[PDB]
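A.B. asks: Protein chains in written order, with the numbering used here: chain A, 1 to 317; chain B, 318 to 634; chain C, 635 to 951; chain D, 952 to 1120; chain E, 1121 to 1289; chain F, 1290 to 1458. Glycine is no exception: its CB is placed at the ideal position from the N, C-alpha and C atoms.
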Amino acid sequence: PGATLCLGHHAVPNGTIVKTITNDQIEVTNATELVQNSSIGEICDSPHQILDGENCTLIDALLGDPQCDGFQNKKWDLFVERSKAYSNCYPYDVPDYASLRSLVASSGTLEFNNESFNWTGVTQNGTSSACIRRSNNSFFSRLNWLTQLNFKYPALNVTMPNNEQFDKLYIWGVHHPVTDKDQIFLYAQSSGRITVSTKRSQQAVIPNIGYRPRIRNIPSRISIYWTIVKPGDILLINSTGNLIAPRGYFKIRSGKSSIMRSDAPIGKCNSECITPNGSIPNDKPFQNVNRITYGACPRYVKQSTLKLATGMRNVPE
Amino acid sequence: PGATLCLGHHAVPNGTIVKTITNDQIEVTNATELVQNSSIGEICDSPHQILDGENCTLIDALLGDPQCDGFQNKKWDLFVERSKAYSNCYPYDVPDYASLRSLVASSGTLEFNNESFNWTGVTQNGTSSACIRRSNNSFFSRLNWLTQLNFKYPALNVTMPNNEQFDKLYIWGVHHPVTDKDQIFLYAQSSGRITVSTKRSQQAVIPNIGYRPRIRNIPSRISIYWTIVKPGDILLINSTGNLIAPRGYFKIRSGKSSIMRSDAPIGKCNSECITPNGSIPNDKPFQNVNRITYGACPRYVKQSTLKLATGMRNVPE
Amino acid sequence: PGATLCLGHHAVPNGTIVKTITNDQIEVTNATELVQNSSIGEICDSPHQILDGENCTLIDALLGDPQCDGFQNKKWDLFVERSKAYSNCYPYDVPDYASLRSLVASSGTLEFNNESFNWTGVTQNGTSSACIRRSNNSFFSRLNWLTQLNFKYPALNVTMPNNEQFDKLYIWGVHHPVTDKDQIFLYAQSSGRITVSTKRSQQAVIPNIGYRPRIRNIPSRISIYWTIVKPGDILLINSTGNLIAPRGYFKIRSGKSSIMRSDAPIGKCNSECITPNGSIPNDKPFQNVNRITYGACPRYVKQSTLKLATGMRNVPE
Amino acid sequence: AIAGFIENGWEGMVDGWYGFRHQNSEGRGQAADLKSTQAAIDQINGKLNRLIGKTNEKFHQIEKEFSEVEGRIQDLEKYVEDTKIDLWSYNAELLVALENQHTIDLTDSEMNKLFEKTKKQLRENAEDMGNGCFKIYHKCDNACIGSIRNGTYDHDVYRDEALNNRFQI
Amino acid sequence: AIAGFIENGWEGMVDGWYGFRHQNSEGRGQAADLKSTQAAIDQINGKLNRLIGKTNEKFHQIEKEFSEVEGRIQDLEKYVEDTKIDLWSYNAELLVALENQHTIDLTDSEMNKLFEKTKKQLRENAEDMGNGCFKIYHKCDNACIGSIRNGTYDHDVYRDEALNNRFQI
Amino acid sequence: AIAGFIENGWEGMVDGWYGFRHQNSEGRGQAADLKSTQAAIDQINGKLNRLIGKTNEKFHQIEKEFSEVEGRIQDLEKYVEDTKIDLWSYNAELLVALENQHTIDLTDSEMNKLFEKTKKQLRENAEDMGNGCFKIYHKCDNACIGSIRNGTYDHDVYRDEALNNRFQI
Ligand SMILES: *[C@@H]1O[C@H](CO)[C@@H](O[C@@H]2O[C@H](CO)[C@@H](O[C@@H]3O[C@H](CO[C@H]4O[C@H](CO)[C@@H](O)[C@H](O)[C@@H]4O)[C@@H](O)[C@H](O[C@H]4O[C@H](CO)[C@@H](O)[C@H](O)[C@@H]4O)[C@@H]3O)[C@H](O)[C@H]2NC(C)=O)[C@H](O)[C@H]1NC(C)=O
Ligand SMILES: *[C@@H]1O[C@H](CO)[C@@H](O[C@@H]2O[C@H](CO)[C@@H](O[C@@H]3O[C@H](CO[C@H]4O[C@H](CO)[C@@H](O)[C@H](O)[C@@H]4O)[C@@H](O)[C@H](O[C@H]4O[C@H](CO)[C@@H](O)[C@H](O)[C@@H]4O)[C@@H]3O)[C@H](O)[C@H]2NC(C)=O)[C@H](O)[C@H]1NC(C)=O
Ligand SMILES: *[C@@H]1O[C@H](CO)[C@@H](O[C@@H]2O[C@H](CO)[C@@H](O[C@@H]3O[C@H](CO[C@H]4O[C@H](CO)[C@@H](O)[C@H](O)[C@@H]4O)[C@@H](O)[C@H](O[C@H]4O[C@H](CO)[C@@H](O)[C@H](O)[C@@H]4O)[C@@H]3O)[C@H](O)[C@H]2NC(C)=O)[C@H](O)[C@H]1NC(C)=O
Ligand SMILES: CC(=O)N[C@H]1[C@H](O[C@@H]2[C@@H](O)[C@H](O)O[C@H](CO)[C@@H]2O)O[C@H](CO)[C@@H](O[C@@H]2O[C@H](CO)[C@H](O)[C@H](O[C@]3(C(=O)O)C[C@H](O)[C@@H](NC(C)=O)[C@H]([C@H](O)[C@H](O)CO)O3)[C@H]2O)[C@@H]1O
Ligand SMILES: CC(=O)N[C@H]1[C@H](O[C@@H]2[C@@H](O)[C@H](O)O[C@H](CO)[C@@H]2O)O[C@H](CO)[C@@H](O[C@@H]2O[C@H](CO)[C@H](O)[C@H](O[C@]3(C(=O)O)C[C@H](O)[C@@H](NC(C)=O)[C@H]([C@H](O)[C@H](O)CO)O3)[C@H]2O)[C@@H]1O
Ligand SMILES: CC(=O)N[C@H]1[C@H](O[C@@H]2[C@@H](O)[C@H](O)O[C@H](CO)[C@@H]2O)O[C@H](CO)[C@@H](O[C@@H]2O[C@H](CO)[C@H](O)[C@H](O[C@]3(C(=O)O)C[C@H](O)[C@@H](NC(C)=O)[C@H]([C@H](O)[C@H](O)CO)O3)[C@H]2O)[C@@H]1O
Ligand SMILES: *[C@@H]1O[C@H](CO)[C@@H](O[C@@H]2O[C@H](CO)[C@@H](O[C@@H]3O[C@H](CO)[C@@H](O)[C@H](O[C@H]4O[C@H](CO)[C@@H](O)[C@H](O)[C@@H]4O)[C@@H]3O)[C@H](O)[C@H]2NC(C)=O)[C@H](O)[C@H]1NC(C)=O
Ligand SMILES: *[C@@H]1O[C@H](CO)[C@@H](O[C@@H]2O[C@H](CO)[C@@H](O[C@@H]3O[C@H](CO)[C@@H](O)[C@H](O[C@H]4O[C@H](CO)[C@@H](O)[C@H](O)[C@@H]4O)[C@@H]3O)[C@H](O)[C@H]2NC(C)=O)[C@H](O)[C@H]1NC(C)=O
Ligand SMILES: *[C@@H]1O[C@H](CO)[C@@H](O[C@@H]2O[C@H](CO)[C@@H](O[C@@H]3O[C@H](CO)[C@@H](O)[C@H](O[C@H]4O[C@H](CO)[C@@H](O)[C@H](O)[C@@H]4O)[C@@H]3O)[C@H](O)[C@H]2NC(C)=O)[C@H](O)[C@H]1NC(C)=O
Ligand SMILES: *[C@@H]1O[C@H](CO)[C@@H](O[C@@H]2O[C@H](CO)[C@@H](O)[C@H](O)[C@H]2NC(C)=O)[C@H](O)[C@H]1NC(C)=O
Ligand SMILES: *[C@@H]1O[C@H](CO)[C@@H](O)[C@H](O)[C@H]1NC(C)=O
Ligand SMILES: *[C@@H]1O[C@H](CO)[C@@H](O)[C@H](O)[C@H]1NC(C)=O
Ligand SMILES: *[C@@H]1O[C@H](CO)[C@@H](O)[C@H](O)[C@H]1NC(C)=O
Ligand SMILES: *[C@@H]1O[C@H](CO)[C@@H](O)[C@H](O)[C@H]1NC(C)=O
């Protein structure tokens, strides 16, 4: 009679379908998912330093909008801007807003050092009902609204050397009065001019008088500019009117910092990978949660699922 | 004696050469081409909505060049601009022409709604011999050339609220007179200014007086600008001269529309994939016809041919 | 007894580790490196035409800085700019410096043709102590500093047609005087204006009077602009003061030319692939020397080593 | 004499991709094996269905040809497009090389599978000649050959005859 | 009757991926082969370790959503991102297809290796039934079957008995 | 005793990649097989020729290092380059892994092909010892061994002797 000896392999009743080169669908004994498709719906506060902008855009925290005073000098790995954020100070715009926002975000610090600019012969610390701070008329914390004194506005020609070992970022602006009358009432003379220069740059701005739609009852505007001053260089401000002067400089750092638009709440938890939807686990190589990411993250793909076989072909009995 | 039984496979007299990992060239029994290398030399009018620009650029159709009156309010999936197209109205330029062209192309509509701007105290509907419509001096259909009335040009300060559920695109401009004389003759005063603003934007333009080379006997120029007004916002035009005023707004849509430069004729036929050379079949995964495509198209590659084996190794007898 | 016959393969005592799909590490008998990780530390002068900028940036060679006179009319495949390069003429800036640098670099020629512009009623060939040439006050070789004559600056309105078969590149500028006094002393009248146009373009510039920090004892500045004139078009310069006039045009070519920032010395040798570190061998498909390359080069990757097996699995005895 | 798949194919087999040739006491013939043929064809159709008629819609993109020199922005637009085209060209080249490798492997595999299957039917009753052919050591008429081709051959029926033939001196 | 790996798997083998079933004069049974099982598992763990927990840090990038229409620069930012996502999506699709092919090949390979190893122990003493099973032509009790499973089976011990059984009429 | 390719290579075979060791009544020796050796080498040279000396010319591109902070445009230039480098780095990693897999497979394949070819020459006259070696059951002197290595061995010459040896008790 003898014996019979048969070689075989296992099989399972509940197999899973995968794709190979040979087959669009083949059942295997087991598989694992390579596409992360869910977030936990909150941005974990660890291990990255999160700064929740709350009602403040980064630019409003920079200029010093009154509701953003709590942000002075803070640092971040990720600044989170909320869709509800709104400005509540003198109405302004920033030509190339997106670039100023990007470079501050990437710098990752609001550290500000005050400097003593020699502003002789003008009225300082101008304020407005459009920018209320603790019940009083006020202004952007980091800017100095200069106007005429004793019906005169003597031409400004002020220098600030950078004798530090780091770059200085200066934020300044131009007031665009609503009428030719207001130009006179504020600055003495019928047309202002601003020239801000260094050894390696110059920026020249002329105000544009006129009506804009009222924002917090103000039909005029401020336009914001910026200037970087390297070590051994000099800021030179030369102006016959309309200057919204800097009070000092922001430190500008380089590193890994960024900014993200999200309405997800901040949670007390620890997760490497952040998306606008919330933190996501980063065990899988791919993800279809969001193309916007910060940190050690799976790569964004369009597939909602990719199954990697972790067992042999399943051939039920 | 017994029998002999031999196992074998087919072979063909006319094999084809393919590339594998193992071999740079191996003959197989059959192969198919994966690179589409030809067009039918015409752009099929189906299934995409084609708008043939003929003598008109999209921007000339937008502004309302007299030869483009037939285009009013039309929509497209693909606007086709011809190399022969030429302007035939007041000579103009568009700072960031490429962006205005892109955003209208992508919007995919020339739908225009007239509005009643309160232009009191000026002469309206200015025209020129540079822009002939049905034998008479004329102007861009969608723009209103305003000039002095009774030797006066009273400052304009006109509002247009957007109370719609969609965005409004306004096209307007500035006339740059040839001489200081003409500045006076047209606008009363020696220097014009234009300020166009919303709650979220402002644009200020000063004309630049001077000679440019004559185009249709005109040595002056118009420069074109645009402004988007969102729902609940307001257009505010404030000007002391030189304004080329809007007559209304274009609807701005989002969707799948585009623009393509081509001289291929439009044909009565049906093809998904369009290139500048003409429509191409889209059965193959790749193509080397043109890097510029619209629709469901094979991907552009540099190879002129890629052969996929569809049979076994060919080993003749 | 019979015989025994065994099949086998070779093995080596010194195998090398490679990666496969099956194994993260497997020892094979031999392998070769696919990532080029070294340069020879010099840029070989063959087979590409190298132009060593030495103390000159490309833009300074273009404008005609006195130390760059040796560069007149030269061509290159690769212009090499040195980190030590410095300007030594009238202090200037170029709005969109990066674009002018790119387009000249890509053109690959400094060929310049002088033209006779009709400059009647002004003083020509203005010079400065900021720009010394052979011990005398001088100026940029390719620019003509025009000023008042007999206390007058009669408005300029000068034409230059392009009747050639190629494009002309014109470099010109605007002088920004330090004070309103100097505006008068140089140009007769309290405000200059420049309009440079063709049939297809216009550029309008107003000088901005003011103090900038001193460079070679000069607190004023020149700002540089450029204009391309196609065949059958016309350059039209219309100016009431402050024009730094062109002396002619640069030829503008298309081809394979570029510019590279490097401090590597130029060597007498022959190598196809250039990086800022020096020439690299191009036998391997990849390299991790520099992401910046010119010529027939391996592709930049992040890996420092990739070993391709060139023998079988190594199984010692 | 007839010869197997090692060293050549059969231009005369027009009704199948794989098959059998025989010589016995009733003559010489050829027959296609439809199962192995179909197995190869189905796999190749599988590939084709993944690669053919599967294009991707794109709409408004960036400009890719330029009438004027501009510098920085145009340099970037051009570099983005060149970058993209080179990466797709690489993907296409690799994909076709890998696909074609796999096609040659799967078609070689069906030949080997058919040979092995035949070897395992015959067992004991035949010798592998090393050239894709078996020498069968018993009378094997057309019905017998057919039974091997159809997988209904019972080696036990012929074993006595076959062994007697093989192991006689 | 018991049957091998050609045509089905064994849902009842829960303690291994590959193994043996036998019938002899002491009964019928099953035993997992741990070496072949482990060889497959180790390879699959090898893949997993390359793909899982290996993400790449990125920090400040470009914007990818836009509240206003802008034209040229925004067209480029969007096209760059779309381009990138399509290329990664392709890489992911191909990678999984190739990995899964290789997994099926390596797991099939361990089955074939175990079968061949068994065939080469038995040699002369057994016949390949063509279905993953061997008919062993000598008495082979549980210890004998065990010796085959453990690689300690000496075909010389049974050769006389086995040949006597096979080559009798 | 001499041993085959299963479980180790031969450091003493310096004149070929694949070959034969024998023991007979004239002694013990080794000989390289040049055909199998050359088949592996040619394939590997084939790969090398596709990957070596095949670089691609590029000329004016985008800037990739920046002396000043600029924001949006620079963010984009940087992201485009980072994107490109990561995609090429991935292509390089995959390519080398796939190439190296294929090299190991093709070199293993030539070993298996040589073994099978030898098995099919010997047939009936030898037994596969399961370790890459055959026990040949007839006197096989140096000329005989040579005839196996050269593919001119006729098993019929020795069959009577060989069977007489194998199937005696
Ligand atoms: C050039 O064109 C622009 C655009 O139209 C004109 O700008 C308008 O100017 C008028 C007059 O200065 C502005 O009207 C004022 O609005 C203020 C803000 O009101 C807000 O809150 C109320 C709720 O009570 C809302 O209804 C309203 O929508 C606003 O959100 C008021 O504070 C002002 O009130 C004054 O007048 C009323 C009576 O009319 C009195 O009862 C008050 O006590 C007070 O004296 C006033 O109503 C209007 O807002 C401006 N529009 C825009 C879009 O900015 C320029 O005036 C015009 N220039 C010239 C020179 O003509
Ligand atoms: C500042 O510098 C600019 C640049 O040179 C000057 O611009 C030129 O101005 C002159 C005079 O106004 C222009 O000349 C005029 O050209 C008109 C168009 O002619 C076209 O068609 C004819 C065919 O007949 C072609 O030959 C020609 O090339 C054009 O395509 C004519 O209609 C005008 O004709 C008048 O003069 C002639 C006699 O000269 C009479 O017969 C006519 O009846 C009529 O009165 C005239 O010829 C010239 O085109 C301008 N050039 C450019 C490039 O624009 C500015 O004048 C100058 N400013 C100052 C203040 O000096
Ligand atoms: C608006 O604000 C700006 C910014 O401060 C002022 O610009 C300064 O103007 C002053 C006066 O014109 C400049 O001072 C001059 O510097 C020249 C260059 O000196 C260089 O070399 C010396 C070595 O000897 C270095 O120490 C120095 O750092 C420079 O590198 C000198 O040549 C001038 O010398 C004159 O004065 C001295 C005595 O003070 C005499 O001994 C000399 O003979 C000679 O007469 C002078 O020192 C200064 O450089 C400017 N600063 C900048 C940053 O540009 C504007 O003046 C101001 N405008 C108004 C209207 O007030
Ligand atoms: C009806 C109207 O338009 N009235 C405004 C006035 O216009 C006159 C018209 O009434 C009249 O019909 O026609 C006249 C011509 O013949 C006039 O055009 O113009 C003044 C401005 O000059 C308006 O007053 C302003 O109203 C503000 C309300 O939002 C506010 O009260 C302004 O005061 C502040 C402020 O808080 O914003 C006071 C600040 O201390 C001051 N700061 C500084 C540093 O000077 C600012 C600042 O001057 C402005 O913000 C600059 O734009 O103003 C008040 O001046 C009047 O409503
Ligand atoms: C020789 C010459 O340059 N002549 C032009 C004249 O210049 C004078 C010189 O002749 C003389 O040597 O020196 C003088 C100084 O002492 C003068 O500079 O300047 C006038 C313009 O003021 C020229 O006349 C214009 O010629 C056009 C021919 O292409 C055309 O006929 C102009 O009329 C229209 C037009 O159709 O374009 C008439 C339109 O109704 C009018 N529209 C409006 C809304 O006002 C336009 C518009 O005024 C201009 O297009 C604005 O740039 O003009 C005609 O004014 C003369 O040739
Ligand atoms: C102390 C001072 O600032 N002095 C400068 C003078 O300012 C006066 C002050 O001293 C005084 O305290 O207050 C006064 C007001 O009441 C004055 O503001 O201004 C003059 C310029 O007008 C300065 O002289 C210039 O110094 C230069 C030294 O770097 C140089 O010598 C200038 O001459 C050239 C030059 O080489 O750069 C001579 C060239 O031939 C000339 N070229 C042309 C084509 O005209 C140039 C050119 O005029 C300027 O470069 C234009 O910016 O100037 C010399 O004019 C004095 O130091
Ligand atoms: C950069 O800074 C410098 C230095 O501060 C600055 O120069 C200054 O310019 C002002 C304004 O032009 C000068 O003051 C004027 O001097 C001229 C000289 O003739 C006069 O015409 C002016 O008189 C008018 O304005 C007076 C104002 O009250 C009226 O009283 C008079 O009736 C006239 O309307 C006026 O006095 C000043 O002298 C210089 N300062 C020095 C030290 O030279 C320059 O303007 C600044 N540049 C910019 C771009 O801001
Ligand atoms: C935005 O719109 C507002 C509202 O329309 C507008 O304000 C207006 O400005 C004009 C021009 O400046 C004003 O008219 C002037 O009033 C001043 C007041 O002193 C006078 O100096 C002017 O006189 C000169 O011009 C007259 C023209 O005929 C001559 O007769 C005289 O001899 C002088 O040369 C002139 O009368 C007008 O009063 C205001 N309107 C109101 C309601 O306040 C503003 O200009 C616009 N802004 C822009 C940027 O367009
Ligand atoms: C482009 O080129 C054209 C042609 O050259 C040019 O036109 C010229 O403009 C100048 C400056 O405006 C004109 O000269 C003026 O003519 C007017 C006419 O009323 C006068 O008001 C001016 O007088 C003042 O300046 C004189 C200078 O000495 C003083 O003596 C006098 O007291 C006044 O202060 C002055 O005479 C000139 O007539 C025209 N030329 C022609 C042929 O028409 C235009 O300016 C240029 N455009 C640009 C943007 O540069
Ligand atoms: C489709 O059109 C493109 C663009 O016009 C053609 O490519 C050009 O071909 C001409 C003539 O050979 C060359 O001089 C240009 O350099 C090419 N341009 C580019 C951008 O590559 C292409 O040949 C056409 N293809 C077909 C199939 O008609
Ligand atoms: C071979 O020839 C036949 C008949 O002419 C043709 O139909 C077939 O397509 C050819 N095949 C190849 C691969 O060339
Ligand atoms: C084999 O199958 C074919 C099918 O056409 C049939 O003609 C033949 O008689 C069959 N022979 C046997 C022995 O099953
Ligand atoms: C085989 O190994 C197993 C290990 O559990 C052991 O129980 C059995 O007795 C062994 N048999 C032989 C013959 O080696
Ligand atoms: C085998 O070939 C070798 C070639 O060197 C030769 O020396 C040897 O004699 C040959 N033997 C036979 C039996 O063909």
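#1: So, under 8 Å CB-CB, B/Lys516 and B/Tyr566 are touching, yes? Tell me the CB distance rounded to an integer number of Å.
#2: At a Cβ threshold of 8 Å, is B/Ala415 touching chain E?
#3: If the cut-off is 8 Å on Cβ atoms, which residues from the stretch 1300 to 1333 of chain F count as contacting chain C, listed in chain order?
#4: Determine the closest residue to C/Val935 out of C/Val949, C/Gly945, C/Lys918, with distance taken between C-alpha atoms.
#5: Identify the continuous alpha helix (DSSP H) that holds D/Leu1045 and give its terminal residues.
#6: Assuming the contact rule is C-beta atoms closer than 8 Å, A/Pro316 and A/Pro1 should be a hit. Round their C-beta distance to whole Å, please.
#7: Cβ closer than 8 Å: which chain E residues qualify as neighbours of C/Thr656?
#8: What first and last residue would you give for the alpha helix (DSSP H) that runs through E/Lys1178?
#9: Taking 7 Å as the cut-off, is the C-beta of A/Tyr211 nearer than that to any heavy atom in ligand 1?
C.D. replies: Considering the structure as presented:
#1: Rounded, the Cβ-Cβ distance is 16 Å, inconsistent with contact.
#2: Chain E contact via Cβ: present.
#3: Along the stretch 1300 to 1333 of chain F, going in chain order, the ones with a CB nearer than 8 Å to a CB of chain C are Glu1300, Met1302, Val1303, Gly1305, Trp1306, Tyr1307, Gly1308, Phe1309, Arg1310, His1311, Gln1312, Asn1313, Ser1314, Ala1329, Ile1333.
#4: When only C-alpha atoms are compared, the closest one is C/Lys918.
#5: In the DSSP assignment, D/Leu1045 falls within the unbroken alpha helix (DSSP H) covering 1023 to 1073.
#6: The pair is not a contact, with the Cβ atoms about 31 Å apart (cut-off 8 Å).
#7: Those are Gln1163, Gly1166, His1222, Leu1226, listed as they occur along chain E.
#8: First-last for E/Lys1178: 1176 to 1178, but that is the beta strand (DSSP E), not the alpha helix (DSSP H).
#9: Result yes, Cβ under 7 Å from ligand 1.
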